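Trainee: Attaching a single structure in structure tokens format; questions to follow.
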Amino acid sequence: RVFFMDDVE
Amino acid sequence: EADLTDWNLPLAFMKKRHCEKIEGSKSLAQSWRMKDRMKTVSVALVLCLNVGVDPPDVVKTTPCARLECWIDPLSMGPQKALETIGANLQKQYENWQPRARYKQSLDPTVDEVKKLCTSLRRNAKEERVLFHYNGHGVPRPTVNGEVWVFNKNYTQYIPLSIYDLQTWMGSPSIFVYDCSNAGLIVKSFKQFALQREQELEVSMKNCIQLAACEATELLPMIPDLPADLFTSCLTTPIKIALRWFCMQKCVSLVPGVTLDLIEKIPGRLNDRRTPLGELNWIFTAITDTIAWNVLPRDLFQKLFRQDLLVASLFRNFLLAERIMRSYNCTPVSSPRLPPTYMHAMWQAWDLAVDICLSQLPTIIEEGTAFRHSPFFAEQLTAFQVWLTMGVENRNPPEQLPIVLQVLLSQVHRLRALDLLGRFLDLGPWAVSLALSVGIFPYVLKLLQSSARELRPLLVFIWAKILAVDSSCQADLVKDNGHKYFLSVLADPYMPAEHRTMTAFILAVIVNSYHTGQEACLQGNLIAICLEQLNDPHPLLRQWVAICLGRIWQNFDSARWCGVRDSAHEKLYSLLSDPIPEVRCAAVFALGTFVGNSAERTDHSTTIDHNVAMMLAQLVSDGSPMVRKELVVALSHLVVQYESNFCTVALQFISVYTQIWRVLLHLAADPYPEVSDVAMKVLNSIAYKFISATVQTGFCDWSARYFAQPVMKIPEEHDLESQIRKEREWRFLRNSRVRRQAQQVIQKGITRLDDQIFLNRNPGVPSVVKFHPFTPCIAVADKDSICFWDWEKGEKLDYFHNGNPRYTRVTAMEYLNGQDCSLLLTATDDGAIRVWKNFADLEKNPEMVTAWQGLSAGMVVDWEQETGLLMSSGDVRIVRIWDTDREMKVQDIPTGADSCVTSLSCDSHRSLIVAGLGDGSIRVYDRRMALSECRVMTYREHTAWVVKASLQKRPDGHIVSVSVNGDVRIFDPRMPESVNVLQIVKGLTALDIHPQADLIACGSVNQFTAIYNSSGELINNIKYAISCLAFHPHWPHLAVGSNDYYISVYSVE
């Protein structure tokens, strides 16, 4: 992915 | 006043299923999908810095600019400085693309660069390779298209042709130039690409270039900024951005901020909770917003959404352009990006940086707590403000990428998801825009979160996305999001609306998708649906039934699972559901369950027969859509048992015979579409291939519901809407009409001999019905239905009711007379059909619904207040049809051999009366049991009862008249007649007026007596009169003789 999604479980 | 009465009247046959045509919405060409995913497997860093020696071309100033990659070369020796600069640049690039083969080249020779580029291309033949060049230590590129590098002895700069440079490289590659005349390099690259294209006849779009300056322009030499400026912007945007901000006059607004404090800024680029991470996040969001708002959709997807490294490079290139514009420096890129230095988002960036770094002195000295920036909260507030009045398809909001960015973190995740769901609720265009921005992968990743508060928002968003675009089923199954949806649907505590939302999502996931069907079957979705099948919610039951139908569509394992769970037996209950939509869904599910027998054991045959018989009792259904779904189910049955149906058909030229009879009944259906489908199905059996199978659009029509907005208030509730204003005007007109009629009646009744108009009709006027308020009368003929007016005196419409020759239109009624009136036309054979737009200028005749009733002619009596419809005829049965549920509610036996010649009821009471051919006038009260429904039965006539009408007054007086012409007024509380009158020896037709007790009779000798309830002679009009009708409010009477003439009479 282009960005970094955090705090996903 | 009388207004309250009109408002609280249900509008029969006025709903989505009746107005909108039952069909699936055409799927738009969804291009939000990414075509390919490139990766920068390797990166080439060519650094021709020439530390310790100044190029002859440019005479550097005494202070000059000595900062390259945030390193001062002169303080640590030439070779050591060069090596550390290379390592630092590699670290900076790894900050964005940690996984890539970085091969630094420090002051290389043409052969060294050749070998490096060839090796990198061989390693990654079809993946992007970044080529970084620094021409700070070498002379400027020449117009001929050459780049200067060093020889072995470092005594002379040897050129390197761009032609050979790209010959060594490959088509997939991106070039970053940091030179003085980098625009010259870009121009030479483009010219060489054009030369290659010309030569090929007898790699221009694939290659991407980032240049520090235009051909003419020179790099800045200001001592404060780094010498390596373009690469600093591209790779370390935040540090250079903060330095540049600290170099501007805006610092005057914030005293006590200096570059020294910037050097000691706490936090890192990753932890978004720290000031530096928050600043990096804000910068990323602002650059993404600028790119999305400014660049076109295709270029934005190609550059800022293809791969991480290129997207980051261009996002930082926006900042590079903004920074270097102030120094008479114009960066150049291979795809010409429209300028972004004046975009309004840079002001927001400056404000955010100011607010963030205004607290820096306190953090450094006092060690206070860092308060998070309100930038994201303010942007989401702006997005909410836009949504407040964003119903119109105006310019898209500029905060969509901001919402995308804030979705990443958890601080404002709930509000971001709520706002995104609200935006998607706007319509399919909103969801297309959202998916184009690139929310799909991140929303998909959200399903991995176990936070119980995200389930409603996530299911709303995913239901919208699946409604607009059904190709997301593969992605959802791949990521195992169907497990998340099943967990959502398995929670009784969840609100019903979100549960049906998830049911729709699951139905779309398994819609003609074997992988998804298997995944859901292994998820016990059959049991989950069954447990939630009897829930008190129409839409939830409908969509659970649809999901069950789609699960076992051409899937034997799902059918076996349902049989083990007794799915068909439990689903049988929905066949009696009052809501027609749930009945249609259940019929579709049962048909799909039947259609995949695939020649299993005798138990399969028995279950198939049981389902066939349970569906075969659904022929007598009021909803044409449910009958069409039934016809599809029997078509599936036929396909499963083609040979048996063929044998049964050839037999007549006992299970399958019953289904054949049902299909024949559906073939002669009043609704043209159902009849056509049934006839096509039967013809598919006569010539006995796969092409004969037809699938209705009911499922897609239901799926269309989630595409339309749900959150916003319905238009009906809108007080100032045009539709409600028109309805209010119509109700005011109706109230005025009633008041005028009452005033006229209060003045008494005078002789009525005025002939408003005399005309000629193509056929025999059989039944004439007056529209209560608007000046229109519907006259039905043997093969047509005319609509005439007594004010303009012009023929408005001429229908063909559609019934065959032997049949005839017997009864007629005006549904929803107060407003949006329909016309119910019931033929002698039982076919009841409803017409719309029958007296409109710009609208053609339309059929709303129709359904074979029953099965003297046939008599119909509509009751608007309670919404019931009662039919009777030659049969000994008085059926009670409910238009709300579209099912026969009660079946009261007539208990007489003779046919029901007339039928009427008293409002607000159950006093169904019925004139009989023998002469008896029977009264029925439906409140009590069917066996005791009969109340009174008095026989004082021996003839066909022309009209046993009833007065709407509380003291109802059944004015029953037979062919003998003797009037006998009866009461429901007296078994004997109260008034006995004799009028005409031979009577043909008559009508009665409830408000004014005027009984209009006919005669064979052209006489037309309009007498009173007391029998007093009033008029004897001199001209077979086979149709009389009284306007329900006015004292208007229509007379149609055997000759095809129509006249209406009034009192002065």
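Naming works like this for the structure tokens: A, B, ... for the chains as they're shown, residue 1 at the start of each chain, ligands 1 onward in shown order.
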Identify, on the basis of only C-alpha atoms, every residue whose closest approach to residue 1 of chain A does not exceed 8 Å; exclude the query and any residue fewer than 2 positions from it along the same chain; express the result as a short mmCIF file (atom, residue, chain, number, x, y, z; two decimals) with N, CA and C atoms, in the first residue's frame.
Mentor:
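out_11.cif, written as the output of this step:
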```cif
data_model
loop_
_atom_site.label_atom_id
_atom_site.label_comp_id
_atom_site.auth_asym_id
_atom_site.auth_seq_id
_atom_site.Cartn_x
_atom_site.Cartn_y
_atom_site.Cartn_z
N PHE A 3 0.36 4.06 1.68
CA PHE A 3 0.47 4.59 3.03
C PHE A 3 0.57 3.44 4.03
N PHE A 4 0.71 3.79 5.31
CA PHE A 4 0.96 2.83 6.38
C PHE A 4 -0.19 2.96 7.37
N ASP B 307 2.98 3.11 -6.95
CA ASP B 307 3.90 2.47 -6.03
C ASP B 307 4.33 3.47 -4.96
N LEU B 308 4.82 2.94 -3.85
CA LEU B 308 5.15 3.77 -2.70
C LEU B 308 6.22 4.80 -3.04
N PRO B 441 -8.27 -0.56 -0.45
CA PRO B 441 -7.35 -1.44 0.30
C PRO B 441 -7.36 -1.17 1.80
#
```
Trainee: Just list as a list in words whatever in segment 141-378 of chain B DSSP marks as strand (DSSP E or B).
Mentor: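 Residues of segment 141-378 of chain B classed as strand (DSSP E or B): residues 142, 146, 147, 148, 149, 150, 157, 158, 159, 160, 161, 174, 175, 176, 177, 178, 208, 209, 210, 211, 332 and 333 of chain B.
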Trainee: Residues of the last selection are to be written out with N, CA, C and O atoms, as an mmCIF file, in the first residue's frame.
Mentor:
```cif
data_model
loop_
_atom_site.group_PDB
_atom_site.id
_atom_site.type_symbol
_atom_site.label_atom_id
_atom_site.label_comp_id
_atom_site.auth_asym_id
_atom_site.auth_seq_id
_atom_site.Cartn_x
_atom_site.Cartn_y
_atom_site.Cartn_z
ATOM 1 N N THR B 142 25.676 19.621 -21.515
ATOM 2 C CA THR B 142 25.680 20.393 -22.747
ATOM 3 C C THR B 142 24.415 20.118 -23.557
ATOM 4 O O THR B 142 23.694 19.144 -23.329
ATOM 5 N N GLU B 146 24.728 15.189 -23.051
ATOM 6 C CA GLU B 146 25.747 14.390 -22.389
ATOM 7 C C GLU B 146 25.830 14.792 -20.924
ATOM 8 O O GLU B 146 25.550 15.934 -20.553
ATOM 9 N N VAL B 147 26.220 13.830 -20.093
ATOM 10 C CA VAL B 147 26.407 14.035 -18.662
ATOM 11 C C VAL B 147 27.858 13.717 -18.334
ATOM 12 O O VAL B 147 28.408 12.729 -18.833
ATOM 13 N N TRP B 148 28.473 14.551 -17.502
ATOM 14 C CA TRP B 148 29.907 14.481 -17.264
ATOM 15 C C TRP B 148 30.207 13.656 -16.020
ATOM 16 O O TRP B 148 29.592 13.858 -14.967
ATOM 17 N N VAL B 149 31.150 12.725 -16.151
ATOM 18 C CA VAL B 149 31.640 11.911 -15.052
ATOM 19 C C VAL B 149 33.166 11.957 -15.068
ATOM 20 O O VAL B 149 33.775 12.623 -15.903
ATOM 21 N N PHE B 150 33.778 11.235 -14.135
ATOM 22 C CA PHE B 150 35.217 11.290 -13.924
ATOM 23 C C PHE B 150 35.913 10.118 -14.604
ATOM 24 O O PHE B 150 35.323 9.054 -14.810
ATOM 25 N N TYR B 157 36.950 15.554 -16.615
ATOM 26 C CA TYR B 157 35.573 15.075 -16.625
ATOM 27 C C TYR B 157 35.264 14.510 -18.005
ATOM 28 O O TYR B 157 35.279 15.241 -19.000
ATOM 29 N N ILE B 158 34.997 13.209 -18.072
ATOM 30 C CA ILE B 158 34.672 12.553 -19.336
ATOM 31 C C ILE B 158 33.156 12.514 -19.496
ATOM 32 O O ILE B 158 32.436 12.272 -18.517
ATOM 33 N N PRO B 159 32.627 12.750 -20.695
ATOM 34 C CA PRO B 159 31.173 12.810 -20.860
ATOM 35 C C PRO B 159 30.540 11.429 -20.870
ATOM 36 O O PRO B 159 31.191 10.410 -21.106
ATOM 37 N N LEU B 160 29.235 11.413 -20.607
ATOM 38 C CA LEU B 160 28.429 10.197 -20.679
ATOM 39 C C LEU B 160 27.145 10.545 -21.419
ATOM 40 O O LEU B 160 26.304 11.279 -20.890
ATOM 41 N N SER B 161 26.998 10.025 -22.632
ATOM 42 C CA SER B 161 25.824 10.332 -23.436
ATOM 43 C C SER B 161 24.565 9.771 -22.787
ATOM 44 O O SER B 161 24.548 8.637 -22.300
ATOM 45 N N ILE B 174 12.904 5.146 -13.344
ATOM 46 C CA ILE B 174 12.669 6.538 -12.986
ATOM 47 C C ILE B 174 14.015 7.193 -12.709
ATOM 48 O O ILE B 174 14.867 6.616 -12.026
ATOM 49 N N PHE B 175 14.206 8.393 -13.249
ATOM 50 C CA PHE B 175 15.462 9.121 -13.136
ATOM 51 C C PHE B 175 15.256 10.355 -12.271
ATOM 52 O O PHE B 175 14.284 11.093 -12.458
ATOM 53 N N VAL B 176 16.166 10.571 -11.326
ATOM 54 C CA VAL B 176 16.180 11.770 -10.496
ATOM 55 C C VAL B 176 17.492 12.491 -10.760
ATOM 56 O O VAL B 176 18.570 11.953 -10.477
ATOM 57 N N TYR B 177 17.404 13.704 -11.300
ATOM 58 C CA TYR B 177 18.571 14.510 -11.629
ATOM 59 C C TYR B 177 18.693 15.656 -10.637
ATOM 60 O O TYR B 177 17.712 16.359 -10.368
ATOM 61 N N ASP B 178 19.897 15.842 -10.096
ATOM 62 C CA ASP B 178 20.220 16.974 -9.228
ATOM 63 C C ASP B 178 21.426 17.668 -9.854
ATOM 64 O O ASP B 178 22.570 17.409 -9.472
ATOM 65 N N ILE B 208 10.336 7.907 -16.145
ATOM 66 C CA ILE B 208 9.937 9.082 -15.380
ATOM 67 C C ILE B 208 11.195 9.825 -14.958
ATOM 68 O O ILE B 208 12.161 9.213 -14.492
ATOM 69 N N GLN B 209 11.183 11.143 -15.126
ATOM 70 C CA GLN B 209 12.321 11.988 -14.800
ATOM 71 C C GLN B 209 11.906 13.050 -13.794
ATOM 72 O O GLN B 209 10.820 13.627 -13.900
ATOM 73 N N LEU B 210 12.772 13.295 -12.815
ATOM 74 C CA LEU B 210 12.622 14.402 -11.880
ATOM 75 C C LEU B 210 13.888 15.244 -11.953
ATOM 76 O O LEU B 210 14.984 14.746 -11.678
ATOM 77 N N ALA B 211 13.734 16.512 -12.320
ATOM 78 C CA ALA B 211 14.857 17.405 -12.565
ATOM 79 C C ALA B 211 14.820 18.568 -11.585
ATOM 80 O O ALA B 211 13.744 19.055 -11.222
ATOM 81 N N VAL B 332 11.515 20.276 -12.875
ATOM 82 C CA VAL B 332 10.878 19.739 -14.071
ATOM 83 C C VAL B 332 10.699 18.238 -13.891
ATOM 84 O O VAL B 332 11.592 17.559 -13.370
ATOM 85 N N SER B 333 9.548 17.727 -14.318
ATOM 86 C CA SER B 333 9.248 16.304 -14.285
ATOM 87 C C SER B 333 8.833 15.841 -15.675
ATOM 88 O O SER B 333 8.328 16.627 -16.482
#
```
Trainee: Can you pull out every residue within 9 Å of segment 497-511 of chain B, counting only C-alpha atoms, but drop anything in the same chain fewer than 4 positions away, and send it as number ranges by chain?
Mentor: B: 455-457, 459-460, 462-464, 466-467, 470-474, 476-477, 482, 485-486, 488-492, 515-520, 525, 529, 537, 539-544, 546-551, 553, 703, 706
Trainee: Compute the set of chain A residues within 6 Å of chain B, using only C-alpha atoms, and express it as a list in words.
Mentor: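 The complete set of qualifying residues is residues 2, 5, 6, 8 and 9 of chain A.
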Trainee: For the residues in that selection, give me N, CA and C atoms as a JSON list (two decimals), in the first residue's frame.
Mentor:
```json
[["chain", "number", "residue", "atom", "x", "y", "z"],
["A", 2, "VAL", "N", 0.32, 2.34, -0.55],
["A", 2, "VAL", "CA", 1.06, 3.60, -0.61],
["A", 2, "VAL", "C", 1.35, 4.11, 0.79],
["A", 5, "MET", "N", -1.14, 2.02, 7.30],
["A", 5, "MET", "CA", -2.25, 1.97, 8.25],
["A", 5, "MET", "C", -1.78, 1.28, 9.53],
["A", 6, "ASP", "N", -1.93, 1.96, 10.66],
["A", 6, "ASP", "CA", -1.49, 1.45, 11.95],
["A", 6, "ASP", "C", -2.68, 1.16, 12.85],
["A", 8, "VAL", "N", -4.27, -1.44, 13.48],
["A", 8, "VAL", "CA", -5.26, -2.40, 13.00],
["A", 8, "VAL", "C", -5.04, -3.72, 13.73],
["A", 9, "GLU", "N", -5.61, -3.83, 14.93],
["A", 9, "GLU", "CA", -5.42, -5.01, 15.76],
["A", 9, "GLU", "C", -3.94, -5.30, 15.98]]
```
Trainee: So which one's closest to residue 281 of chain B, B:866, B:30, B:203, B:373? Using only C-alpha atoms, please.
Mentor: B:373
Trainee: Show which residues sit within 10 Å of residue 338 of chain B, as a PyMOL selection string. Count only C-alpha atoms, and ignore same-chain residues fewer than 3 positions away.
Mentor: chain B and resi 291+294-296+335+341
Trainee: Using only C-alpha atoms, which residues sit within 7 Å of residue 3 of chain B once same-chain residues fewer than 3 positions away are excluded, as a count of residues only?
Mentor: 4
Trainee: Would you mind listing what lies within 8 Å of residue 872 of chain B as number ranges by chain, with only C-alpha atoms counted and same-chain residues fewer than 3 positions away left out?
Mentor: B: 854, 858-860, 875, 877-879, 900, 903
